[PDB]
């Protein structure tokens with residue numbers, strides 16, 4: 020059931036559809052707090068020929084906007100590239116397709132770099148079990164718990 024990038028058993032077509040941003044984590048906290056550019060709430064993922072298209076909402080100064088990005092599959096294993104507040108490279112850490120997906124993303128901008136990890140669900144919320152598994156991976160990638168943010172407890176622009 021656990022389809023990683025490290026197995027290469029990743030049927031990317033089954034990621035298609037509606038998703039919700041559940042937890043977000045970054046070793047550069049500023050970016051996922053209010054008005055952070057990575058405090059984005061996913062709505063949809065569109066699987067294309069060698070790219071993934073994401074629809075996000077974001078809240079800048081009290082207003083939700085919706086925007087879309089298309090990420091291109093790069094030559095490297097499981098990696099994707101997309102341009103957004105810098106250059107972003109990301110991979111799918113782990114997913115079971117019809118409940119959760121975890122992403123690992125690195126952003127380069129002005130010579131600075133940070134890590135971002137996201138937990139998406141097919142429902143507005145996920146169980147504790149999955150949130151805690153996600154937290155373990157964050158810690159394994161050197162993002163400590165004070166830089167993990169459960170979004171299910173905040174405005175995610177659902178309304």
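In the authors' numbering, the protein residues as written are 20 to 178.
For each residue, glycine too, the CB sits at the ideal point set by N, CA and C.
{"query": "Nearest to residue 223 by CA position, among 81, 132, 130, 110, is which residue?", "result": "Lying outside 20 to 178, the shown extent of the chain, residue 223 is not represented and no answer is given."}
{"query": "Compute the Euclidean distance between the alpha carbons of residue 42 and residue 169, then round it to the nearest angstrom.", "result": "4 Å"}
{"query": "Can you name the residues that DSSP bridges to residue 136?", "result": "44, 123"}
{"query": "Specify the secondary structure class of residue 113 as computed by DSSP and reduced to three states.", "result": "strand"}
{"query": "Beta carbon of residue 97, beta carbon of residue 128: below 8 Å?", "result": "no"}
{"query": "Which of the three DSSP states is assigned to residue 176 in this structure?", "result": "coil"}
{"query": "Where does residue 27 land, buried or exposed, given buried means 16+ other C-beta within 10 angstroms?", "result": "exposed"}
{"query": "Are there 16 or more other CB atoms within 10 angstroms of the CB of residue 140, so buried, or fewer, so exposed?", "result": "buried"}
{"query": "Measuring alpha carbon to alpha carbon, tell me which residue in 56, 134, 113, 101 is nearest residue 80.", "result": "56"}
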